[PDB]
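**Student:** Structure below; questions to follow.
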Amino acid sequence: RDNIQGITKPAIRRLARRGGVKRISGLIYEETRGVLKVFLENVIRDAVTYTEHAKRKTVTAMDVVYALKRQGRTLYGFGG
Amino acid sequence: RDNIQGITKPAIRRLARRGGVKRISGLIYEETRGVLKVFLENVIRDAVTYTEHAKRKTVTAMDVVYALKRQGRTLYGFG
Amino acid sequence: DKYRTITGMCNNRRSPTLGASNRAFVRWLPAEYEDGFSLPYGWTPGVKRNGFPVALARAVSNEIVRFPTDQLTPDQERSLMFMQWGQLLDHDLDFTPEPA
Amino acid sequence: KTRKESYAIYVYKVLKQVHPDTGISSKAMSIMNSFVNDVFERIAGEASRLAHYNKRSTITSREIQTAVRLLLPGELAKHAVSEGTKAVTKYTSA
Amino acid sequence: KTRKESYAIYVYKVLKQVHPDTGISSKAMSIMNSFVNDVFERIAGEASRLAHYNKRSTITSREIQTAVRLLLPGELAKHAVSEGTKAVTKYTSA
Amino acid sequence: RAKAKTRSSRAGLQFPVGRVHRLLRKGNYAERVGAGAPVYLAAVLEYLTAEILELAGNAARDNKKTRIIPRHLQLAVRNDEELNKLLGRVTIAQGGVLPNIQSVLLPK
Amino acid sequence: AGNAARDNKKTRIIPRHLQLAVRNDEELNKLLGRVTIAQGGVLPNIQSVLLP
Amino acid sequence: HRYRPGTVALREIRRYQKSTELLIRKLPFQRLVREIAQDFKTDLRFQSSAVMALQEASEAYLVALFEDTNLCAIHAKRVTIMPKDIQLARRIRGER
Amino acid sequence: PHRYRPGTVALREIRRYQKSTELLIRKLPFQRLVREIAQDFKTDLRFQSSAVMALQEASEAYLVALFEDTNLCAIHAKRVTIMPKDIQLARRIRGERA
Amino acid sequence: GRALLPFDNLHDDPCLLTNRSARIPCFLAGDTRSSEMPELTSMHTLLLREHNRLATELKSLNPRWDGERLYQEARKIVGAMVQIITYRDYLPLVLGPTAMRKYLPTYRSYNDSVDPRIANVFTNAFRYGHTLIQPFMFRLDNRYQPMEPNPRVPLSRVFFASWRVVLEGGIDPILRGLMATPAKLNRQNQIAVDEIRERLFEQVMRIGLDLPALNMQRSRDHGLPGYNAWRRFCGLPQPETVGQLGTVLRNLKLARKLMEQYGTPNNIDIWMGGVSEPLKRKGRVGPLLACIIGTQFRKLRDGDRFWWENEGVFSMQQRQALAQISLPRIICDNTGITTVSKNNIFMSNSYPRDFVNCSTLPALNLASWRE
DNA sequence: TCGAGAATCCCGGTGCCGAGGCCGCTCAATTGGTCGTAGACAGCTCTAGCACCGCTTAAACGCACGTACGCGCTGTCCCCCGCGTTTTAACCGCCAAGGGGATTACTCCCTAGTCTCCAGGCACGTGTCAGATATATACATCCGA
DNA sequence: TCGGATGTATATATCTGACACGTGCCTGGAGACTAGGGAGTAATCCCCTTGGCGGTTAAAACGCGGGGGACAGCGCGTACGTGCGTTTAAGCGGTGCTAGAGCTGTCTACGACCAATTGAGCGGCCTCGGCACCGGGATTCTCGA
Ligand code: HEM
């Protein structure tokens, strides 16, 4: 159940390359994993709250979109 | 009217001291004046729009409070 | 410098004569001539432009511009003040004299 | 003249409940009134959004509870929920 | 099957007005639908707040105009205002 | 009864005035909604849509394509100061990023 | 706020005490994160590198 | 034959700034999302669109954070990004 | 004669101005600046005293927070002095001049 | 009882040649072309009347002022008026919202590093208005009804006919006809009317002229580059074959005709390519003409040190007073017409749906000119 | 370490103005029924989320070099700080006008609310042509001799 | 600093699935008419904003001496980038099942809506004590020996 290691070092390196980073230190990967886990925890907690209020058992895409819009991270393309 | 120079160098030094700054380069006073001018221009433009919508000629404190709140800068103490 | 000069002189400090009247136009692209310096295209018969003959302007107007007048379509969102103000503004901006 | 309602007497009642020997100035009371209005607006707006998402025409205690859980951070939210729930019980019995 | 309303045919009509020979995919249409909904909600919320501030109970074209002035940045706003006025006048003539 | 003509046709628009009026009435914004508010909102929305679609179509044409994809919408939005300010806190799915590299990292 | 006022040997609550109460509490600071309290001042905090 | 250090890095920067695809494998991310959601509710289901939206949001967030981190690193007259740059960017942004 | 080493009076001022709650800008110059700024948007505008007071409070809070971020940026680059590039970096990361 | 333009003396006056019996020579103004048609002369006379009225009201406002001071002040007022009317009403209706926003963004300040000289291509890229010319001149009475005699006159008989201004009811019917007549829509199969193509200056000249052919010939004379060079200069894709040209023009017959007359898109004249393109949305020019015109007017605005919005040229109250001017106010204030169009005068062309009495719209408040 | 000198802190008077408590009203909040629809159940369909398997094969993972960059470590110099003197205008208190926010009151247009009727806009079905996918080729660039 | 290896953009066929039309249906928008309350003009009213004047003095300006940080240059060594070979699950199809999302129907109880009554809260009015200045001494920290 240690799936946080599924975000491999090459994936973090690709994400850094898209951001314009040329050289990456060796301790960046654990910090990035922690940051991603924090972000995902917040968003998923809000989405699950939205799902539970509707008395549903599946987390729909609209719940995720509303959860993101709550944090100020509006997302276009999924839902309406 | 060149009133931006009314925000003097010692006033900027005091504002930096409250912010925890120990040493200050001599080139940040013009930069701080520019930053303050931009911020004030935005807020005052919004406040004057709110005033003009109400067909008034006096800018009230509520107009300033609303103009700040709509920029994500809620201010408590003026209604 | 409280008012404009009639000739528009000394409007720009760097180049006072720039922007005034009775001066050369600005060329946004280098000019092309059939001789390279001052000869207009179509001056000398038989001179091909980029491997193609130079069309007669009257012929182009005859084939392409010409259209029967009886199917004129009026503009549903403009008035003749549009054309008049365009002409007046143009007469403000530029005027290219030619020898009499 | 005219009438200007505010949350001043209720804030003073709560303050007397908490600190019976402590007073409060006018600027601090203005700040507290602004705080109460701001939180009311936030919770009510979130509840309205929740009701609109599920295609409901009514704001109920469920919407208010979900809005409180979404807005208030951390253990704060939990405690608030308890308080609210207790009220809606004591109100229903009486 | 329940009908799902969207701003798809209108966006396609505008696209055919601007680029008569250019098509659009499904993800791009979803993005444009979300954009239209977002801007509608922003402007309508600002207009509602403006109506509430001045103790009015009607959303008029002046509230919409002021909301467009407040929300849209710089030159955009100006052009938008013009377009809006250009419509209402025409709508009044007919 | 005369032949019904849509309100958006009288205003010379493409976006629906009637649907916008219904959304304003049903959306819990104010107790009453004027007759000219839907026309103004429809005109503003149509203007913004036309602007962003024109920019996206130009971006697609510069790429020698025919169909608009989210990449073209992102390129249109991020290359325009006003539109970038309007959509500063908005993520476009499958949009990518604007290509830039800091001058410090380039070889000298 | 009343605790902050008492620690200051004062009877009345002023905006400084409200600011001290809000900023020194994690949950309340996160709730009022983008809020300015008039006449509240700031929290005493100097970076350790600046100290002699 | 061998390229100098920093050349393939620039080539990769140019390559991944032109594409629009997702740079994280989908199955590990889905497993991570399910594991995280296990701590809030038990026996939860996810639409595929929900996981895709979460992935898009997370990737956009991380790319923007890395841009800010690169700016912070360049400020200190450096070319490599260290965890201190990430911490400074997050603290200035207001996240910590 | 007596003399303090550089940085002693600076730290004393830091301790003094982080304990007070007053306003650090003179009121009349700020009021004149606000009126001159508002002159562009509309002519013959009147201001309540509370409006100017609110503007001053908001401006001072904004500047103090910006200077805190600027100090962090300066300390990051192993410095004690505060330079305009630190202000620019803080405003870029905050999302203002980005 | 209203002023007219001063007369001019010339060795060979075409105004007299148009009609010997009437014997009215050409007028005199700041330009030598001010008498080609009665409409241009009417606009010139209106501007002259406005300047005279402004000078009179400034003298009544400030009696100590000298004549030179009054002249200079009214000159500044009229210049700012022309700039405001143009850049606020005319250019948006030409370029359209997108091109106007792209090429003429918000004004910032004067910029001396900008060249305000008129480009060579502009003199050929601003002739798009030759496609908006109606083949008739319309005059209307006080009720906006066809004025007798001759309610509509062929355009071939109004060229240089200055006698039609002095002896045919003045400039009021001409302005009334201009305000309440739709223009001509430029279509890819209807470029320009035959009145200006086969009967231009018919009476004065031995033979009629061809305005489009004159345009292409003058483009050749000035040595301007071809259509593709300007397409590349503005940043638009450059067609090479028949299919690419048809894609660019959104028309196949026109592309075929252009290729059969020129042989390559590199050789098409700038006027032909400019007016053969499909018009922008809510604009009256294609992308290339929009690019050229917007660039030229942006340079003119940003390089002018006496711009009406520049700091120090006008006082703040003077700016607020000037921002409220309008063409209909001037039209119904400087002559006898009472009913004028509303909002954008360049857009209202239907009587009486979009007309007002101009007793409602405010005038120009000169009270800020006290010294 | 130790003493002289600023600087800040901690106590005792002395007013004074703002916070807290008391009346008088009036305008919402409460109490007592009616009514109609929104929401709470149950059934029932059928969509889509979960699970499982087999196979390429592209990705990830170790590992070995080497070089370029992060990081201390001097050294200079110049720029910012601390302090004293002179100059300026902020601040406080008091007067005098008047613009213009707030209340009344009094209609009038304008919007909600109800039927009738259709067309506009959905869902569903179909086909063809952009575009993603191979494949060889031609440049463009980088590292090194 | 001219020639070699590698990477990437380009032009030419194939195929497919997704986008752009076509058609049928139904329900949401348009056309009428009526009723009433929101808001647009007017006419007072007083309040609070602006403008002015004079004196005291606190803070902004300016100048100077010096020291302590900012910035540049110089090793050094280590850690990160680049290849290369091996392992490993990711992605893609296909099959099968069932949970639960979504729609339909019925009915009931809960909230809106009136009318009548009254007391809770707001505005105006006093009044006294908590706090803001005053002075002084006490204690502390700093920096040159
Ligand atoms: C409506 C009747 C008009 C007539 C009869 C007319 C006539 C003419 C003629 C004969 C020329 C000289 C031809 C040449 O050698 O280029 C000319 C020049 C020109 N006209 Fe017009 N014109 C009219 C309207 C307009 C309008 C509406 C515009 C612009 C909106 C315009 C813009 C120009 C320009 C730019 C030139 C070139 C000036 C120069 O190069 O000196 N004209 N006009």
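**Student:** Going residue by residue through the range J:240-252, is there one that turns out to be of a type outside the set (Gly, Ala, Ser), closer than 20 Å to E:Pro20 by Cβ, more than 27 Å from the chain's Cα centre (by Cα) and buried (at least 23 other Cβ atoms within 10 Å of the Cβ)?
**Tutor:** Checking the range J:240-252: at least one residue is of a type outside the set (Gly, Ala, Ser), closer than 20 Å to E:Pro20 by Cβ, more than 27 Å from the chain's Cα centre (by Cα) and buried (at least 23 other Cβ atoms within 10 Å of the Cβ).
**Student:** Next up: Regarding I:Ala61, is this residue within 7 Å of another protein chain (Cβ to nearest Cβ), farther than 14 Å from G:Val42 by Cβ, part of a helix (DSSP H, G or I) and out of contact with any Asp or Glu (no Cβ under 6 Å at 6 or more places or on another chain)?
**Tutor:** No; evaluated as a whole, the condition is false for this residue.
**Student:** Let me ask another. When you scan the range J:118-137, do you find a residue that is away from DNA strand K (no atom under 16 Å from the Cβ) and farther than 30 Å from J:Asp194 by Cβ, even just one?
**Tutor:** yes
**Student:** Of the conditions (1) free of Cβ contacts under 8 Å to residues at least 12 places away in the same chain; (2) more than 7 Å from DNA strand L (Cβ to nearest atom); (3) under 21 Å from D:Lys55 (Cα atoms), F:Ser9 satisfies every one except a single condition; which number is it?
**Tutor:** All conditions are met except number (3).
**Student:** Among the residues in the range J:260-281, are any within 23 Å of the chain's Cα centre (by Cα), farther than 30 Å from C:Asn11 by Cβ, more than 14 Å from the ligand (Cβ to nearest atom) and among the basic types (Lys, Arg)?
**Tutor:** yes
For (1) surrounded by fewer than 17 Cβ atoms within 10 Å (Cβ to Cβ); (2) part of a helix (DSSP H, G or I); (3) more than 7 Å from chain A (Cβ to nearest Cβ), each residue gets a yes or a no:
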position	(1), (2), (3)
H:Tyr3	yes, no, yes
H:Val8	yes, yes, yes
H:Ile36	no, yes, no
H:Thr42	yes, no, yes
H:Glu67	no, yes, no
H:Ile74	no, yes, yes
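**Student:** Among residues belonging to the range F:70-86 that are crowded, with 21+ Cβ neighbours inside 10 Å and of a type in the set (A, V, I, L, M), point out the one that is nearest to the ligand (Cβ to nearest atom).
**Tutor:** Ranking the candidates gives F:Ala76 first.
Yes/no matrix, rows are residues, columns are (1) without any contact (Cβ under 8 Å) to a residue 12 or more places away in the chain; (2) touching a helix residue (DSSP H, G or I) at 6+ places or on another chain (Cβ under 7 Å); (3) buried (at least 19 other Cβ atoms within 10 Å of the Cβ); (4) not in a strand (DSSP E or B):
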position	(1), (2), (3), (4)
J:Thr106	yes, yes, no, yes
J:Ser109	no, no, no, yes
J:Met137	no, yes, yes, no
J:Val165	no, yes, yes, yes
J:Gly169	no, no, no, yes
J:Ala183	no, yes, yes, no
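**Student:** Here's another thing I want to ask about it. Please find, among B:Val65, B:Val38, the residue that is buried (at least 22 other Cβ atoms within 10 Å of the Cβ), within 14 Å of the chain's Cα centre (by Cα) and not polar (S, T, N, Q).
**Tutor:** B:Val65
For (1) of a type in the set (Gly, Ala, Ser); (2) more than 7 Å from chain F (Cβ to nearest Cβ), each residue gets a yes or a no:
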position: E:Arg3; (1), (2): no, yes
position: E:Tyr12; (1), (2): no, yes
position: E:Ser48; (1), (2): yes, no
position: E:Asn54; (1), (2): no, yes
position: E:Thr58; (1), (2): no, no
position: E:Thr66; (1), (2): no, yes
position: E:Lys78; (1), (2): no, yes
position: E:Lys90; (1), (2): no, no
position: E:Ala94; (1), (2): yes, no
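**Student:** What number of residues in the range H:13-27 are of a type in the set (D, E, K, R) and either under 26 Å from A:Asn3 (Cβ atoms) or near DNA strand L (Cβ under 6 Å from one of its atoms) (or both)?
**Tutor:** Number satisfying all stated conditions: 4.
**Student:** Here's another thing I want to ask about it. Of all residues in the range B:41-58, count the ones that are crowded, with 21+ Cβ neighbours inside 10 Å, within 7 Å of chain I (Cβ to nearest Cβ) and over 15 Å from the mean Cα position of the chain (by Cα).
**Tutor:** 0
**Student:** Then there's this: Mind checking which pairs have a first residue in the range C:72-100 that is away from the ligand (no atom under 12 Å from the Cβ) and a second that is β-branched (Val, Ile, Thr), Cβ under 8 Å, 6 or more apart or different chains?
**Tutor:** Final answer for the pair search is C:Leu72/J:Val193; C:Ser79/J:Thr181; C:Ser79/J:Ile345.
**Student:** Residues to consider are F:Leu87, F:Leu53; find the one that is closer than 30 Å to J:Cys234 by Cβ, under 15 Å from the mean Cα position of the chain (by Cα) and within 14 Å of chain A (Cβ to nearest Cβ).
**Tutor:** That would be F:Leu87, the only listed residue that is closer than 30 Å to J:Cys234 by Cβ, under 15 Å from the mean Cα position of the chain (by Cα) and within 14 Å of chain A (Cβ to nearest Cβ).
**Student:** If you go through the range H:78-94 one residue at a time, do you hit one that is within 8 Å of DNA strand K (Cβ to nearest atom), more than 7 Å from chain A (Cβ to nearest Cβ), more than 18 Å from the chain's Cα centre (by Cα) and of a type in the set (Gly, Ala, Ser)?
**Tutor:** no
**Student:** Which of the residues belonging to the range H:44-58 are among the small types (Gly, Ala, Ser) and either more than 7 Å from chain A (Cβ to nearest Cβ) or buried (at least 19 other Cβ atoms within 10 Å of the Cβ) (or both)?
**Tutor:** H:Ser48, H:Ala50, H:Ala53, H:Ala57, H:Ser58 - these are the residues of the range H:44-58 that are among the small types (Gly, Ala, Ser) and either more than 7 Å from chain A (Cβ to nearest Cβ) or buried (at least 19 other Cβ atoms within 10 Å of the Cβ) (or both).
**Student:** Same structure again: Scanning the range J:151-185 for residues that are among the polar types (S, T, N, Q) and away from the ligand (no atom under 12 Å from the Cβ), which turns out farthest from the other protein chains (Cβ to nearest Cβ)?
**Tutor:** Here the residue is J:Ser162.
**Student:** Also, I was wondering about something else. State all residues of the range J:11-40 that are of a type in the set (S, T, N, Q), touching a residue at least 12 places away in the same chain (Cβ under 8 Å) and away from the ligand (no atom under 16 Å from the Cβ); if no residue qualifies, say none.
**Tutor:** The one that is of a type in the set (S, T, N, Q), touching a residue at least 12 places away in the same chain (Cβ under 8 Å) and away from the ligand (no atom under 16 Å from the Cβ): J:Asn19.
**Student:** Just to verify a result, which residue in the range I:14-34, among those that are outside any loop (DSSP other than H, G, I, E, B) and free of Cβ contacts under 8 Å to residues at least 12 places away in the same chain, is nearest to B:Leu36 (Cα to Cα)?
**Tutor:** I:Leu33
**Student:** If you don't mind, another one. Would you be able to tell me the number of residues in the range J:7-23 that are in contact with a helix residue (DSSP H, G or I) (Cβ under 6 Å, 6 or more places away or on another chain) and crowded, with 19+ Cβ neighbours inside 10 Å?
**Tutor:** The total comes to 0.
**Student:** With respect to D:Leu50, determine if the residue is assigned to a helix (DSSP H, G or I) and touching a residue at least 24 places away in the same chain (Cβ under 8 Å).
**Tutor:** Considered against the rule, which asks whether it is assigned to a helix (DSSP H, G or I) and touching a residue at least 24 places away in the same chain (Cβ under 8 Å), D:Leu50 comes out as no.
**Student:** Okay, moving on. Does the range J:193-201 contain at least one residue that is within 12 Å of chain C (Cβ to nearest Cβ), out of contact with any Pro (no Cβ under 9 Å at 6 or more places or on another chain) and among the basic types (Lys, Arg)?
**Tutor:** no
**Student:** Name the one entry in F:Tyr40, F:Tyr47 that is free of Cβ contacts under 8 Å to residues at least 12 places away in the same chain, within 7 Å of chain E (Cβ to nearest Cβ) and within 10 Å of the chain's Cα centre (by Cα).
**Tutor:** After ruling out the rest, the residue left standing is F:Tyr47.
**Student:** What number of residues in the range J:212-238 are more than 8 Å from every other protein chain (Cβ to nearest Cβ) and more than 19 Å from C:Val54 (Cα to Cα)?
**Tutor:** Selection size over the range J:212-238: 6.
**Student:** Given the condition touching a residue at least 12 places away in the same chain (Cβ under 8 Å), more than 13 Å from DNA strand L (Cβ to nearest atom) and under 20 Å from H:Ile74 (Cβ atoms), answer yes or no: does some residue in the range I:41-57 qualify?
**Tutor:** Checking the range I:41-57: not a single residue is touching a residue at least 12 places away in the same chain (Cβ under 8 Å), more than 13 Å from DNA strand L (Cβ to nearest atom) and under 20 Å from H:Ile74 (Cβ atoms).
**Student:** List pairs: first in the range C:22-51 and of a type in the set (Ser, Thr, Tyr), second part of a loop (DSSP other than H, G, I, E, B), Cβ under 6 Å, 6+ apart or cross-chain?
**Tutor:** Listed pairs, sorted by first residue: C:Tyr33/C:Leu39; C:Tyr33/J:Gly223; C:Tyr41/C:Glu34; C:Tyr41/C:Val54.
No lab work stands behind these numbers, since they all come straight from the coordinates. Ideal geometry is used to build each Cβ from the backbone, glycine not excepted, and the neighbour counts take in all protein chains shown.
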